[PDB]
$ cat start.tsv   # TSV, C-alpha atoms and all ligand atoms
chain	number	residue	atom	x	y	z
V	1	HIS	CA	16.97	12.74	11.26
V	2	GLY	CA	14.80	10.12	9.63
V	3	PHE	CA	14.51	8.13	6.46
V	4	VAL	CA	11.58	6.14	5.07
V	5	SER	CA	11.67	2.60	6.46
V	6	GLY	CA	8.71	1.31	4.45
V	7	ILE	CA	5.50	2.22	2.69
V	8	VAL	CA	1.93	0.99	2.59
V	9	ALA	CA	0.94	1.08	-1.07
V	10	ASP	CA	-2.61	0.18	-2.07
V	11	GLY	CA	-3.04	-1.70	1.21
V	12	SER	CA	0.21	-3.69	1.13
V	13	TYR	CA	3.39	-3.10	3.13
V	14	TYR	CA	6.74	-2.84	1.35
V	15	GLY	CA	10.00	-2.60	3.26
V	16	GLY	CA	12.13	0.35	2.20
V	17	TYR	CA	15.84	1.03	1.94
V	18	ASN	CA	17.17	0.65	5.50
V	19	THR	CA	20.02	3.13	5.18
V	20	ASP	CA	21.29	2.27	8.69
V	21	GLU	CA	21.76	-1.41	7.70
V	22	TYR	CA	21.82	-2.11	3.96
V	23	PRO	CA	24.87	0.04	3.03
V	24	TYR	CA	26.87	-2.28	5.35
V	25	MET	CA	26.08	-5.36	3.24
V	26	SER	CA	27.99	-6.63	0.24
V	27	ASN	CA	24.74	-8.16	-1.10
V	28	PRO	CA	21.86	-5.93	0.04
V	29	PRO	CA	18.30	-7.21	-0.45
V	30	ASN	CA	15.93	-6.30	-3.23
V	31	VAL	CA	13.43	-3.55	-2.43
V	32	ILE	CA	11.14	-1.17	-4.29
V	33	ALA	CA	13.14	1.63	-2.63
V	34	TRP	CA	16.25	3.15	-4.15
V	35	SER	CA	19.57	2.65	-2.42
V	36	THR	CA	21.52	5.66	-1.14
V	37	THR	CA	24.78	6.29	0.70
V	38	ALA	CA	23.12	8.70	3.17
V	39	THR	CA	24.17	6.66	6.22
V	40	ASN	CA	24.57	9.84	8.27
V	41	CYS	CA	20.78	10.31	7.82
V	42	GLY	CA	21.73	13.46	5.95
V	43	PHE	CA	20.18	15.60	3.29
V	44	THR	CA	20.92	17.32	0.00
V	45	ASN	CA	21.13	21.10	0.38
V	46	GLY	CA	21.28	23.85	-2.23
V	47	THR	CA	24.92	23.09	-3.02
V	48	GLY	CA	23.60	19.88	-4.62
V	49	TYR	CA	20.39	21.06	-6.30
V	50	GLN	CA	22.13	20.66	-9.69
V	51	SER	CA	23.83	17.39	-8.66
V	52	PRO	CA	22.18	14.06	-9.51
V	53	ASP	CA	22.11	13.57	-5.71
V	54	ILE	CA	18.94	15.71	-5.52
V	55	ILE	CA	16.99	13.20	-7.63
V	56	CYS	CA	16.74	10.24	-5.21
V	57	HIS	CA	19.32	11.28	-2.55
V	58	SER	CA	23.07	10.76	-2.32
V	59	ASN	CA	24.56	8.35	-4.87
V	60	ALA	CA	21.13	6.80	-5.31
V	61	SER	CA	20.81	3.63	-7.39
V	62	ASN	CA	17.64	2.05	-8.75
V	63	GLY	CA	15.48	-0.14	-6.59
V	64	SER	CA	15.20	-3.57	-8.17
V	65	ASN	CA	11.53	-4.25	-7.34
V	66	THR	CA	8.33	-2.42	-8.26
V	67	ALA	CA	5.09	-2.18	-6.25
V	68	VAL	CA	1.77	-2.49	-8.09
V	69	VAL	CA	-0.62	0.33	-7.10
V	70	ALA	CA	-4.15	1.08	-8.31
V	71	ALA	CA	-4.71	4.65	-9.45
V	72	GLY	CA	-6.79	6.46	-6.85
V	73	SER	CA	-5.31	4.54	-3.93
V	74	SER	CA	-3.33	5.87	-0.99
V	75	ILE	CA	0.37	5.52	-0.27
V	76	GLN	CA	1.64	5.92	3.30
V	77	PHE	CA	5.33	6.77	3.81
V	78	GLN	CA	6.62	5.62	7.20
V	79	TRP	CA	9.47	7.84	8.38
V	80	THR	CA	11.67	6.41	11.14
V	81	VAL	CA	11.53	9.61	13.20
V	82	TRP	CA	11.37	13.34	12.57
V	83	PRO	CA	12.73	16.18	14.74
V	84	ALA	CA	10.30	18.85	15.92
V	85	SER	CA	12.70	21.63	14.87
V	86	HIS	CA	12.82	20.43	11.24
V	87	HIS	CA	9.63	22.20	10.12
V	88	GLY	CA	8.85	22.17	6.43
V	89	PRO	CA	6.78	20.93	3.50
V	90	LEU	CA	6.11	17.40	2.30
V	91	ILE	CA	6.24	17.08	-1.50
V	92	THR	CA	5.61	14.00	-3.64
V	93	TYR	CA	6.29	13.46	-7.34
V	94	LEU	CA	5.84	10.84	-10.08
V	95	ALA	CA	8.24	10.41	-13.01
V	96	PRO	CA	7.54	7.85	-15.77
V	97	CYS	CA	10.21	5.20	-16.19
V	98	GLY	CA	9.44	4.51	-19.86
V	99	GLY	CA	10.27	0.89	-19.18
V	100	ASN	CA	11.47	-0.92	-16.08
V	101	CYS	CA	12.13	1.46	-13.20
V	102	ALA	CA	14.90	-0.94	-12.13
V	103	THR	CA	17.03	0.18	-15.10
V	104	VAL	CA	15.98	3.77	-15.93
V	105	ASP	CA	18.72	6.39	-15.84
V	106	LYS	CA	17.59	8.54	-12.90
V	107	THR	CA	18.91	11.70	-14.57
V	108	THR	CA	16.41	11.27	-17.43
V	109	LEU	CA	13.40	11.24	-15.08
V	110	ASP	CA	10.94	14.13	-15.42
V	111	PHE	CA	8.98	14.58	-12.18
V	112	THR	CA	5.38	15.76	-11.83
V	113	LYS	CA	4.30	17.14	-8.46
V	114	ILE	CA	1.24	15.13	-7.38
V	115	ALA	CA	0.99	16.27	-3.74
V	116	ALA	CA	2.40	19.09	-1.66
V	117	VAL	CA	1.62	20.46	1.79
V	118	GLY	CA	3.41	23.37	3.39
V	119	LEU	CA	2.58	25.82	6.16
V	120	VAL	CA	-0.61	24.95	8.05
V	121	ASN	CA	-0.66	27.51	10.88
V	122	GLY	CA	1.73	30.46	10.81
V	123	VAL	CA	0.19	32.39	13.72
V	124	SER	CA	3.12	31.62	16.06
V	125	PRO	CA	6.47	31.34	14.24
V	126	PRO	CA	8.14	29.00	13.52
V	127	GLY	CA	4.64	27.66	12.85
V	128	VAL	CA	2.90	24.34	12.27
V	129	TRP	CA	3.78	22.58	9.02
V	130	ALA	CA	3.02	19.47	6.99
V	131	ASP	CA	5.87	17.63	8.72
V	132	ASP	CA	4.28	18.34	12.11
V	133	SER	CA	1.08	16.66	10.93
V	134	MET	CA	3.22	13.75	9.73
V	135	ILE	CA	4.86	13.48	13.16
V	136	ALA	CA	1.46	13.41	14.86
V	137	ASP	CA	0.32	10.64	12.48
V	138	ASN	CA	2.83	8.03	13.67
V	139	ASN	CA	5.60	9.74	11.64
V	140	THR	CA	3.64	8.85	8.48
V	141	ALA	CA	2.97	10.93	5.37
V	142	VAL	CA	-0.01	10.17	3.13
V	143	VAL	CA	-0.60	10.78	-0.58
V	144	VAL	CA	-3.27	9.78	-3.08
V	145	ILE	CA	-2.26	8.58	-6.53
V	146	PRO	CA	-4.67	10.42	-8.88
V	147	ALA	CA	-7.46	8.12	-10.07
V	148	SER	CA	-6.99	9.50	-13.58
V	149	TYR	CA	-3.23	8.96	-13.78
V	150	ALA	CA	-2.00	6.99	-16.78
V	151	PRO	CA	-1.00	3.38	-16.00
V	152	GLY	CA	2.67	2.53	-16.25
V	153	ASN	CA	5.91	2.36	-14.31
V	154	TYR	CA	6.93	5.40	-12.28
V	155	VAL	CA	9.52	6.55	-9.79
V	156	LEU	CA	7.65	7.90	-6.77
V	157	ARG	CA	9.83	10.62	-5.18
V	158	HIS	CA	8.70	11.65	-1.69
V	159	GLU	CA	10.48	14.48	0.07
V	160	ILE	CA	10.61	16.58	3.21
V	161	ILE	CA	12.36	19.96	3.00
V	162	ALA	CA	13.44	20.98	6.49
V	163	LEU	CA	13.51	24.78	6.83
V	164	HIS	CA	15.03	25.33	10.30
V	165	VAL	CA	18.19	26.83	8.68
V	166	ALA	CA	16.59	27.90	5.39
V	167	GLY	CA	17.04	31.65	5.75
V	168	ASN	CA	20.66	30.97	4.81
V	169	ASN	CA	21.80	30.41	1.24
V	170	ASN	CA	21.85	26.62	0.79
V	171	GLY	CA	20.31	26.23	4.24
V	172	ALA	CA	17.17	24.26	3.33
V	173	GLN	CA	17.71	20.51	3.77
V	174	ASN	CA	16.07	18.19	1.24
V	175	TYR	CA	15.30	14.57	2.15
V	176	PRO	CA	14.16	12.76	-1.03
V	177	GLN	CA	13.24	9.08	-0.93
V	178	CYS	CA	12.42	7.17	-4.10
V	179	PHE	CA	10.31	4.06	-4.74
V	180	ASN	CA	9.32	2.16	-7.90
V	181	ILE	CA	5.60	1.75	-8.54
V	182	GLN	CA	3.45	0.46	-11.37
V	183	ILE	CA	0.09	2.25	-11.60
V	184	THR	CA	-3.01	0.42	-12.86
V	185	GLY	CA	-6.16	2.32	-13.78
V	186	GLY	CA	-8.58	3.58	-16.37
V	187	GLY	CA	-7.24	7.11	-16.81
V	188	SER	CA	-4.84	8.66	-19.31
V	189	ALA	CA	-3.69	11.85	-17.54
V	190	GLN	CA	-0.04	12.71	-17.00
V	191	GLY	CA	1.62	15.95	-16.04
V	192	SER	CA	4.46	17.67	-17.82
V	193	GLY	CA	7.53	16.74	-15.82
V	194	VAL	CA	10.64	18.56	-14.62
V	195	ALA	CA	14.13	17.06	-14.39
V	196	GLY	CA	15.24	16.37	-10.82
V	197	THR	CA	18.15	18.80	-11.13
V	198	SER	CA	15.69	21.51	-12.27
V	199	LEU	CA	13.24	21.17	-9.35
V	200	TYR	CA	14.84	23.75	-7.04
V	201	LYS	CA	17.25	26.67	-6.95
V	202	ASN	CA	18.86	28.06	-3.80
V	203	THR	CA	17.40	31.50	-4.59
V	204	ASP	CA	13.78	30.29	-4.85
V	205	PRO	CA	11.36	31.99	-2.41
V	206	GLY	CA	10.21	28.67	-0.95
V	207	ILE	CA	13.80	27.55	-0.46
V	208	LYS	CA	15.47	30.66	1.01
V	209	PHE	CA	12.78	31.35	3.59
V	210	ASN	CA	12.87	32.50	7.23
V	211	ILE	CA	10.37	30.49	9.29
V	212	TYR	CA	11.17	32.48	12.45
V	213	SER	CA	9.78	35.82	11.23
V	214	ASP	CA	6.21	36.96	10.50
V	215	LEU	CA	4.45	34.22	8.51
V	216	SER	CA	1.26	36.12	7.64
V	217	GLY	CA	2.38	36.25	4.00
V	218	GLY	CA	2.27	32.45	3.80
V	219	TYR	CA	4.81	30.00	2.44
V	220	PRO	CA	5.18	29.46	-1.34
V	221	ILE	CA	5.76	25.75	-1.73
V	222	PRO	CA	8.78	25.32	-4.03
V	223	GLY	CA	9.20	23.15	-7.10
V	224	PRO	CA	7.04	22.85	-10.20
V	225	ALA	CA	3.29	23.28	-10.23
V	226	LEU	CA	0.90	20.75	-8.74
V	227	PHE	CA	-0.70	18.35	-11.24
V	228	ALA	CA	-4.35	19.16	-11.92
T	301	CU	CU	19.24	18.34	11.23
$ encode --input "start.tsv" --output "structure tokens"
Amino acid sequence: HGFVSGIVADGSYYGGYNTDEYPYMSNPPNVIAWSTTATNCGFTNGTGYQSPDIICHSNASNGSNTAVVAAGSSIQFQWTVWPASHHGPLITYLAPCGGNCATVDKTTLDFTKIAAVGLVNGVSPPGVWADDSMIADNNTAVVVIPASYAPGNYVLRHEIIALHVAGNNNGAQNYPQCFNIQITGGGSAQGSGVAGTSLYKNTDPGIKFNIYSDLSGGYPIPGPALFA
């Protein structure tokens, strides 16, 4: 599996939380990325959709730094690697920190879906998905912060849901990665957010989904509605 090793945010590179290195330090470095204990490169499945682990991954603790990002600009998430079998959507959220993102209680965050891509070509199951486009693009996912989004501090929660086992109850594998950003801009728009532990249920149609059977009915991307 992969994790996000860094991001390019409004033109500038920020190193992420190197989960294969930083957990083995008594004094890990400051980063905009949240720490996790997911040293096995693992995931949170449906057994943890109501655990705080779903918010920013296993045992996640606040990143200490925050990246300044102009509204309307692009963020690129650099994943270390991604397996071809792990087809699924890429979903990205913003939750206001109401203060410094370095100290917000992650369980109080209310996430707004700002980007989501799912099934691209279902003609030949298991199909071609957003993560396959990410793989082709140097293992990099891309999102646009809405130009109209209200300035302030936000947790940016970027996630792949791998669906290779998702026909099973609790089979979908969620890979959330969180980063602190401060948006600047001239807009005032903000979505109505959803608590991390309310984003997904193991019975949801976009969670318990068989990618190996006929895909002509499409894929309903899970989670709350996309910000408009
Ligand atoms: Cu796997």
$ closest_residue --input "start.tsv" --among "V:108, V:57, V:66, V:45" --to "residue 208 of chain V" --atoms "all atoms listed in the file"
V:45
$ residues_near_ligand --input "start.tsv" --ligand "ligand CU 301 (chain T)" --cutoff "9 Å" --atoms "only C-alpha atoms and all ligand atoms" --output "list in words"
residues 1, 41, 42, 43, 83, 85, 86, 162, 164, 165 and 173 of chain V
$ closest_atom_pairs --input "start.tsv" --of "segment 159-207 of chain V" --to "segment 14-26 of chain V" --cutoff "12 Å" --atoms "only C-alpha atoms" --output "tab-separated table"
residue	atom	partner	partner_atom	distance
V:177	CA	V:17	CA	8.9
V:178	CA	V:17	CA	9.3
V:179	CA	V:16	CA	8.1
V:180	CA	V:16	CA	10.6
V:181	CA	V:14	CA	11.0
$ residues_near_point --input "start.tsv" --point "(10.4, 27.7, -1.7)" --cutoff "12 Å" --atoms "only C-alpha atoms" --output "PyMOL selection string"
chain V and resi 46+88-91+116-119+161-163+166-167+170-174+199-211+218-225
$ closest_residue --input "start.tsv" --among "V:65, V:112, V:30, V:188" --to "residue 148 of chain V" --atoms "only C-alpha atoms"
V:188
$ atom_distance --input "start.tsv" --atom1 "atom CA of residue 144 of chain V" --atom2 "atom CA of residue 7 of chain V"
12.9 Å
$ residues_near_point --input "start.tsv" --point "(8.0, 11.6, 5.3)" --cutoff "7 Å" --atoms "only C-alpha atoms" --output "list in words"
residues 4, 77, 78, 79, 90, 134, 140, 141, 159 and 160 of chain V
$ residues_around --input "start.tsv" --residues "residue 149 of chain V" --least-positions-apart "2" --cutoff "9 Å" --atoms "all atoms listed in the file" --output "CSV table (one decimal) with C-alpha atoms, keeping the file's coordinate frame"
chain,number,residue,atom,x,y,z
V,71,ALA,CA,-4.7,4.6,-9.4
V,72,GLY,CA,-6.8,6.5,-6.8
V,145,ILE,CA,-2.3,8.6,-6.5
V,146,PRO,CA,-4.7,10.4,-8.9
V,147,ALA,CA,-7.5,8.1,-10.1
V,151,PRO,CA,-1.0,3.4,-16.0
V,183,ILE,CA,0.1,2.2,-11.6
V,184,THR,CA,-3.0,0.4,-12.9
V,185,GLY,CA,-6.2,2.3,-13.8
V,186,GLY,CA,-8.6,3.6,-16.4
V,187,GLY,CA,-7.2,7.1,-16.8
V,188,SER,CA,-4.8,8.7,-19.3
V,189,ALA,CA,-3.7,11.8,-17.5
V,190,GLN,CA,0.0,12.7,-17.0
V,191,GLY,CA,1.6,16.0,-16.0
$ atom_distance --input "start.tsv" --atom1 "atom CA of residue 101 of chain V" --atom2 "atom CA of residue 39 of chain V"
23.4 Å
$ residues_around --input "start.tsv" --residues "residue 62 of chain V" --least-positions-apart "4" --cutoff "10 Å" --atoms "all atoms listed in the file" --output "JSON list (two decimals) with C-alpha atoms, in the coordinates of the input"
[["chain", "number", "residue", "atom", "x", "y", "z"],
["V", 31, "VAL", "CA", 13.43, -3.55, -2.43],
["V", 32, "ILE", "CA", 11.14, -1.17, -4.29],
["V", 33, "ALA", "CA", 13.14, 1.63, -2.63],
["V", 34, "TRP", "CA", 16.25, 3.15, -4.15],
["V", 35, "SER", "CA", 19.57, 2.65, -2.42],
["V", 36, "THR", "CA", 21.52, 5.66, -1.14],
["V", 56, "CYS", "CA", 16.74, 10.24, -5.21],
["V", 101, "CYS", "CA", 12.13, 1.46, -13.20],
["V", 102, "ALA", "CA", 14.90, -0.94, -12.13],
["V", 103, "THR", "CA", 17.03, 0.18, -15.10],
["V", 104, "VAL", "CA", 15.98, 3.77, -15.93],
["V", 105, "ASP", "CA", 18.72, 6.39, -15.84],
["V", 106, "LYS", "CA", 17.59, 8.54, -12.90],
["V", 155, "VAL", "CA", 9.52, 6.55, -9.79],
["V", 178, "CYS", "CA", 12.42, 7.17, -4.10],
["V", 179, "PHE", "CA", 10.31, 4.06, -4.74],
["V", 180, "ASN", "CA", 9.32, 2.16, -7.90]]
$ axis_aligned_box --input "start.tsv" --around "segment 12-23 of chain V" --padding-each-side "3 Å" --output "lines of an AutoDock Vina configuration file"
center_x = 12.5
center_y = -0.3
center_z = 4.9
size_x = 30.7
size_y = 12.8
size_z = 13.6
$ atom_distance --input "start.tsv" --atom1 "atom CA of residue 192 of chain V" --atom2 "atom CA of residue 99 of chain V"
17.8 Å
$ build_atoms --input "start.tsv" --residues "segment 9-24 of chain V" --atoms "N, CA, C and O atoms" --output "compact mmCIF listing (two decimals), in the coordinates of the input"
# COMPACT_ATOMS: atom_id res chain seq x y z
N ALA V 9 1.30 0.67 0.28
CA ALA V 9 0.94 1.08 -1.07
C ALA V 9 -0.25 0.24 -1.49
O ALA V 9 -0.12 -0.98 -1.65
N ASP V 10 -1.40 0.88 -1.66
CA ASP V 10 -2.61 0.18 -2.07
C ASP V 10 -2.90 -0.99 -1.12
O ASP V 10 -3.23 -2.09 -1.55
N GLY V 11 -2.71 -0.75 0.18
CA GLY V 11 -3.04 -1.70 1.21
C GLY V 11 -1.94 -2.66 1.62
O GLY V 11 -2.12 -3.39 2.61
N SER V 12 -0.82 -2.69 0.91
CA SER V 12 0.21 -3.69 1.13
C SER V 12 1.49 -3.02 1.62
O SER V 12 1.87 -1.96 1.13
N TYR V 13 2.15 -3.64 2.60
CA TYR V 13 3.39 -3.10 3.13
C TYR V 13 4.58 -3.54 2.29
O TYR V 13 4.69 -4.70 1.89
N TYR V 14 5.47 -2.59 2.02
CA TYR V 14 6.74 -2.84 1.35
C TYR V 14 7.86 -2.27 2.21
O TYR V 14 7.84 -1.09 2.55
N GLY V 15 8.84 -3.11 2.56
CA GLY V 15 10.00 -2.60 3.26
C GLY V 15 10.83 -1.70 2.36
O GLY V 15 10.96 -1.95 1.16
N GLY V 16 11.35 -0.63 2.94
CA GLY V 16 12.13 0.35 2.20
C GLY V 16 13.62 0.09 2.24
O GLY V 16 14.08 -1.02 2.54
N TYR V 17 14.39 1.13 1.93
CA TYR V 17 15.84 1.03 1.94
C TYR V 17 16.34 1.43 3.32
O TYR V 17 16.34 2.62 3.67
N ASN V 18 16.77 0.45 4.11
CA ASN V 18 17.17 0.65 5.50
C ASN V 18 18.59 1.18 5.47
O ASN V 18 19.56 0.42 5.52
N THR V 19 18.72 2.51 5.40
CA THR V 19 20.02 3.13 5.18
C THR V 19 20.97 2.96 6.36
O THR V 19 22.18 3.17 6.19
N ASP V 20 20.47 2.57 7.53
CA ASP V 20 21.29 2.27 8.69
C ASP V 20 21.77 0.82 8.72
O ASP V 20 22.47 0.43 9.66
N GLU V 21 21.40 0.01 7.72
CA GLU V 21 21.76 -1.41 7.70
C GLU V 21 22.26 -1.87 6.34
O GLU V 21 23.30 -2.53 6.25
N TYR V 22 21.52 -1.56 5.28
CA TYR V 22 21.82 -2.11 3.96
C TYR V 22 23.13 -1.62 3.35
O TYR V 22 23.79 -2.40 2.64
N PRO V 23 23.56 -0.37 3.57
CA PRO V 23 24.87 0.04 3.03
C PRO V 23 26.03 -0.77 3.59
O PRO V 23 27.10 -0.79 2.96
N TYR V 24 25.85 -1.44 4.73
CA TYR V 24 26.87 -2.28 5.35
C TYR V 24 26.74 -3.74 4.96
O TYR V 24 27.13 -4.64 5.73
